[PDB]
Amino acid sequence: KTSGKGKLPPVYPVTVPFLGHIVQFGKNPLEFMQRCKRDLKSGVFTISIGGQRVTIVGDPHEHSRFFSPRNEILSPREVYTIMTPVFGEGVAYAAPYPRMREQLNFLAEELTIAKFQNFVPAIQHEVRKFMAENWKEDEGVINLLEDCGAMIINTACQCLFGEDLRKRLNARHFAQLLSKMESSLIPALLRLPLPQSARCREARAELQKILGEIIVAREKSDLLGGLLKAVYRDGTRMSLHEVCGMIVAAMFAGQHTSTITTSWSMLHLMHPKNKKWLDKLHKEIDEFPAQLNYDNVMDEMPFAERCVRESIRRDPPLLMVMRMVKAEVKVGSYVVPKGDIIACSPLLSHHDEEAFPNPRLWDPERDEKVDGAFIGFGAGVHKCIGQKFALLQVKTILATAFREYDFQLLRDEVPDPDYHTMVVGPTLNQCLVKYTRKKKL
């Protein structure tokens, strides 16, 4: 059972039992969680979605307690059921953890620092190719958020998709399918049974078929190829279904998190308030040639990476990460019982006054004042596997972009975090920016 002296973290009083806190938690979770933490004199607290127990680890010191326990204790599968139609049955979380671990490990091996051999030139190539087309005028106005999403997807494909695949699967067209597979991840039913999404099913099968054809044609380097060579610890290869899933996951995971990190970063540096930091950025990328190489970005862009880190810290794209509690776990002084859902919020954590004084301030030179406080890319057993690539990708984009362009916000102050989904980026209708082409002669 327990048992039986299991303590329980303070519960926040709900005005409406049936409602839960959803009405508030949606409008602005930050203020809400920040309020609970303050009033309950405890960084670790439990709130209820309607008729449900949810314990939030909002104490930076306690991140270990959340990220270190293995799936057997804290299981993510139950929470992320929703994504199964997207990743597929028996893929990722949907599958048993012994297999899941393997699947991800294979994807990881494909995004390792080892594979970045030509990635940089590939990225830099696609970026310029986009700027030339969509930013013709010497001085014009565009939407940064929409444009970063395009650069990200195009860039990623140039890296992880082979010549044959790209021509067959148009880069933009892939985002078309990717977007349809999400038309079902806009919740919006939690108490009732799960319904299938026609949009998602079709778009995935449309992608799976295409991929299927390439494999046949390929049968008389890229992520897809890398995945084919894959063999399990029992002597089994990944099926088309499983391969398609991993790729979809890789692209889904990257698209939204990176396009937001890239947007936020450009937005800060862009603001006159952050002129100083823009100067030290140019100190860094001015002496670089027009053609960047792996070394330039990986080992010669330290400040640039700091900007990206701080942008992820201040406004983490991933609101919370959650897991189903199967067994008792110790958290600080308190404890969380079986059956509950334990969450951990980068957003709340990154705003702890002790760990990040003045958390709404964008300071690329700030440091964890509590070791481990930053969980932008997760931690422990579930560390992000696309981190290294995301950074290479984002840093390279920042360079090419600020190498031959100057940007100016049309708004007064940096955009507001647009909280709706678990994924949070800058407010779309505020990401309008005027670009002016740098002087040449």
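The first residue of the shown sequence is 1; numbering continues from there. Under this definition, the rigid core comprises the largest set of C-alpha atoms superposing within 1.5 Å between the forms.
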| item | value |
| --- | --- |
| Core-aligned Cα RMS comparison in 9 other deposited structures of this protein - stretch that moves more, 406-414 or 34-42 | 34-42 |
| Core-aligned Cα RMS comparison in 9 other deposited structures of this protein - stretch that moves more, 221-229 or 195-203 | 195-203 |
| Residues with no coordinates between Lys220 and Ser221, taken from the deposited sequence as a class | 4 to 9 |
| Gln291 preceded by how many uncoordinated deposited residues after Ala290 | none |
| Residue range whose averaged C-alpha B-factor is higher in the record, 193-201 or 224-232 | 193-201 |
| 68-76 set against 88-96, stretch whose average Cα temperature factor tops the other in the entry | 88-96 |
| Per the PDB entry, maximal CA B factor within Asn170, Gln158, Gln124, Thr261 | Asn170 |
| Candidate residues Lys129, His268, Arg314, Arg237, the one whose C-alpha B factor the record puts highest | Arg237 |
| Third of the chain, ranked by Cα B-factor, where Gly212 sits | middle |
| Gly386 - which third its CA temperature factor falls in, relative to the rest of the chain | lowest |
| Ranked C-alpha temperature factor of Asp406 among modelled chain residues, by third | highest |
| Where the record places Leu185 (Cα B-factor, split into thirds across the chain) | highest |
| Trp135 CA temperature factor, ranked by third within the chain | highest |
